[PDB]
Amino acid sequence: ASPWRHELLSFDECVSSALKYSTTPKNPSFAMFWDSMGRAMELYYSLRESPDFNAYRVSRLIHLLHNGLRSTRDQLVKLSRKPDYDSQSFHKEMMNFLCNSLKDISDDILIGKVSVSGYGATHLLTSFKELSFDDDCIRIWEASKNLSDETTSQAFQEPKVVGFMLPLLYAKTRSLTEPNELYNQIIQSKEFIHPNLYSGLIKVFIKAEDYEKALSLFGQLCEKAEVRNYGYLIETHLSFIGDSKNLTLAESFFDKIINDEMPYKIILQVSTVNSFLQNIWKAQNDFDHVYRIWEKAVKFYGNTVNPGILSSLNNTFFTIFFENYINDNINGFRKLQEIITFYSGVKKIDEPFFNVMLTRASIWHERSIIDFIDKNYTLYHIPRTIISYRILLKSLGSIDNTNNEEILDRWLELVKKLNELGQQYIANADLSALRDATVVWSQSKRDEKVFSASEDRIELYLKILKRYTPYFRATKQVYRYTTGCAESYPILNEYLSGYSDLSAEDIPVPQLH
RNA sequence: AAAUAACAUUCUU
Ligand SMILES: [Cl-]
């Protein structure tokens, strides 16, 4: 027959080319991969009317969109900094495109236009899980039971699809009935048991803290696992680290990665490490235990991982640090120096390391720690981004020992660094830092006097807003940081009746905008 | 059968 022959042929070449790229270890291949996705998705809306659009072709497309989500997340962490929320970014639009593309395919399956296999069903539901749509995963799965096409309905009931579903079902129902029945069948079964069924059942038992059943299934999973498809052992192993409430079992599995004890490769996934650090802090309140695990993670990473990974780790660590030393900047400052010395001994210091430290140090409300971090950027020869200059301006809102001159200086140096790094206009995060250093500080000191029972920063704030308005990303930022900001900080309302007639006296000196 | 993917520091509007 072949009415849609050319579109079917190009779809197979497209999907296979991009799937091979995303499974093998800007650039022409990078551009090909992302253009192959839009083209394949474009062909999908035409080929869904064809009868030769089998479950295999749909499943290969769903897998490809899944790898697109994986690649988009990877690209976000490889950047020198996260893009501003209010500006255009490849990460945001590509994520929405993949997500919307996955919605259209899920709806076409729930209606019956296209068929899907158990392999395609798992990538569809895993994708929606990675998009934080757990409840939608349960609806799609249970709606597959009452489908006309019994073949696709049977695919959603295959063991590997059930394996993905078990952790979501235990989160909702908290029922161990169906899991324990499956445990009795699987432990003594001589038949083929899909590794993803092992994985989901292990994860349930880890959350349920029935660790003996979790470790027993884990041993069977290991002896049966195939070298080419060993990733099931990675998910379960990491689950023991980040999900086990028994910290002694979690740390043993953590050491198995540090000491390279396992027969399979495994990444020290920072999300898993962060959850492990948080569980130690919530359960033990032992900062030394948190500090010892953080030290092992930093030495494990070294220079092998992206700076965005260590940034996420240091975020968790310094958040715990400044909660522990919330009322002790004296012993805290000595401990920070030990942390800086250790971190220097592992690798060259990255900027997010000091950015997180400076951000969280606002609880101390002292100027010495601000000048200490600012000095260390130059001392350790840190590649600078605009994040530091934003935080250095924001930090002035947590101390009283400063003047409108220093607020201007740290604002001017931020605008300079914006144009030095080729930034187009002034983003929301830039104005939010100036607002936090003026309006929030003034509202804070005002609320203290009411609760208790270079003289004005709000005037400088409104002067810079009006002076630098033509450099804004959008003129709607004027309403956002004036009338809209007054709804949250009412002390701005008493300065705003005469904003239209206000004059400005500042010192811009731009370059590239 | 077709595994595995770190959601980072600065951003209420
Ligand atoms: Cl930057």
Side-chain angles (χ1 to χ4, degrees), chain A residues 19 22-23 56 59-60 63 66-87 91 95 117-120 122-123 126 130-132 158 160 192 194-196 199 225-238 242 264-275 297 301 305-319 350-360 362 385-395 414 427-433 435-436 440 473 476-477 479-489:
Chain A
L19 272 177
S22 57
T23 53
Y56 181 81
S59 299
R60 297 269 283 181
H63 183 186
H66 187 191
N67 282 4
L69 297 168
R70 293 164 151 172
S71 175
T72 305
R73 294 191 301 261
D74 182 65
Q75 292 295 319
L76 195 278
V77 81
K78 281 185 161 57
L79 292 166
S80 55
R81 66 171 180 91
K82 286 171 53 177
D84 302 335
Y85 299 158
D86 61 331
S87 70
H91 162 89
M95 211 67 93
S117 70
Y119 151 79
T122 53
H123 287 283
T126 307
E130 296 174 13
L131 294 167
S132 295
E158 292 179 23
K160 60 177 169 185
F192 169 74
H194 196 285
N196 206 33
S199 181
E226 298 181 5
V227 169
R228 53 186 175 97
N229 297 316
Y230 70 101
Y232 302 102
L233 293 170
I234 305 180
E235 289 201 274
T236 50
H237 190 128
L238 293 177
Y264 49 86
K265 306 154 63 82
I266 180 156
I267 63 176
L268 192 66
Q269 201 183 225
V270 74
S271 55
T272 305
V273 181
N274 293 336
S275 173
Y301 291 141
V305 304
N306 313 279
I309 293 176
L310 278 164
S311 175
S312 185
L313 176 72
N314 294 326
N315 182 35
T316 304
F317 171 67
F318 284 122
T319 300
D350 42 293
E351 204 204 41
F353 175 80
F354 277 119
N355 293 340
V356 176
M357 188 190 306
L358 179 58
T359 304
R360 305 292 181 254
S362 56
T385 76
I386 66 177
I387 311 297
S388 58
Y389 301 86
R390 283 173 177 172
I391 300 167
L392 284 166
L393 176 60
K394 185 191 195 306
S395 298
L414 170 60
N428 282 340
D430 295 313
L431 299 178
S432 294
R435 167 248 296 164
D436 283 353
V440 185
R473 217 83 175 187
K476 201 177 183 179
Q477 297 176 334
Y479 177 91
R480 167 186 174 100
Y481 288 100
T482 300
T483 306
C485 182
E487 292 178 39
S488 298
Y489 299 92

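Numbers restart at 1 for each chain; the letters A, B, ... are given by sequence-line order, proteins then strands.
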When all nucleic acid strands are considered with a 4.0 Å heavy-atom cut-off, which category describes A/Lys265: base, sugar-phosphate, or nothing?
-> nothing

Looking just at side-chain N and O atoms, do A/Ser312 and A/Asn274 make a donor-acceptor pair shorter than 3.5 Å?
-> yes

If you measure from CG on A/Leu414 to CG on A/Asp430, what distance do you get to the nearest 0.5 Å?
-> 4.5 Å

If the plane angle is over 60° it's perpendicular, under 30° parallel, otherwise tilted; pick one for A/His63 and A/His123.
-> parallel

Evaluate ring-ring contact (aromatic ring centres under 6.0 Å, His included) for A/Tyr119 paired with A/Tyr56, printing each intermediate quantity in order.
-> CA-CA 9 Å; A/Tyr119 151 79; A/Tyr56 181 81; 7.2 Å; no

First and last nucleotide of RNA chain B in contact with chain A, 5' to 3', at under 4.0 Å to a heavy atom: what are they?
-> B/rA1 to B/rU13

By side-chain contact (heavy atoms from CB on, under 4.5 Å), which residues pair with A/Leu268, not counting sequence neighbours?
-> A/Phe254, A/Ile257, A/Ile258, A/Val273, A/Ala297, A/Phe300, A/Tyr301

Do A/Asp86 and A/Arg480 sit within salt-bridge range, that is, some charged N less than 4.0 Å from a carboxylate O?
-> no

Take atom P in B/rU12 and the same atom in B/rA8, then report the distance between them in whole Å.
-> 16 Å

Categorise the sugar of B/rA6 by the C1'-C2'-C3'-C4' dihedral sign as either north or south.
-> south

If you look at every strand shown and take non-hydrogen atoms under 4.0 Å, does A/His91 touch a base, only sugar-phosphate, or nothing?
-> nothing

Would you mind classifying the nucleic acid contact of A/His66 as base, sugar-phosphate or nothing, using non-hydrogen atoms under 4.0 angstrom?
-> nothing

OG1 on A/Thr385 to CZ on A/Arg81, rounded to 0.5 Å = 7.0 Å

Base, sugar-phosphate alone, or nothing: which one does A/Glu226 contact when heavy atoms must sit under 4.0 Å apart?
-> nothing

Is A/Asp436 touching bases, backbone alone, or none of the nucleic acid, heavy atoms closer than 4.0 Å?
-> sugar-phosphate

Between B/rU13 and B/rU9, how far is it from one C1' atom to the other, in whole Å?
-> 22 Å

Using the closest heavy atom to pick a nucleotide of RNA chain B for each, name whichever of A/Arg360 or A/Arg60 lands nearer the 5' end.
-> A/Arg60

Under 4.0 angstrom, heavy atoms only, what part of the nucleic acid is A/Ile234 near: base, sugar-phosphate, or nothing?
-> sugar-phosphate

Could you list by number each residue of residues 308-317 of chain A showing a heavy-atom separation from RNA chain B of less than 4.0 Å, or answer none if no residue does?
-> A/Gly308, A/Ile309, A/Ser311, A/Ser312, A/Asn315

Looking for any heavy atom pair under 4.0 Å, which part of the strands does A/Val270 touch: base, sugar-phosphate only, or nothing?
-> base

Report which part of the nucleic acid A/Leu393 touches: base, sugar-phosphate, or nothing (heavy-atom distance under 4.0 Å, all strands).
-> nothing

Contact class for A/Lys82 vs. all strands (heavy atom < 4.0 Å): base, sugar-phosphate, or nothing?
-> base

Just jot down the side-chain contact (heavy atoms from CB on, under 4.5 Å) partners of A/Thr126, sequence neighbours excluded, or say none.
-> A/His66, A/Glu130, A/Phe164

For A/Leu79, report the nucleic acid contact type (base, sugar-phosphate, nothing); a contact means any heavy atom under 4.0 Å.
-> base

With heavy atoms under 4.0 Å as the rule, sort A/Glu235 into base, sugar-phosphate or nothing.
-> sugar-phosphate

Partner set under side-chain contact (heavy atoms from CB on, under 4.5 Å) for A/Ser199, not counting sequence neighbours = A/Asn196, A/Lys203, A/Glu235, A/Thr236

Looking for any heavy atom pair under 4.0 Å, which part of the strands does A/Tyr85 touch: base, sugar-phosphate only, or nothing?
-> base

Not counting sequence neighbours, which residues clear side-chain contact (heavy atoms from CB on, under 4.5 Å) with A/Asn306? List them please.
-> A/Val77, A/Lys78, A/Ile309

A/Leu69 or A/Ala486: which one's nearest nucleotide on RNA chain B is closer to the 5' end?
-> A/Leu69

At under 4.0 Å between heavy atoms, what does A/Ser271 touch on the DNA or RNA strands: base, sugar-phosphate, or nothing?
-> sugar-phosphate

So what does A/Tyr489 touch, heavy atoms closer than 4.0 Å: a base, only the sugar-phosphate, or nothing?
-> base

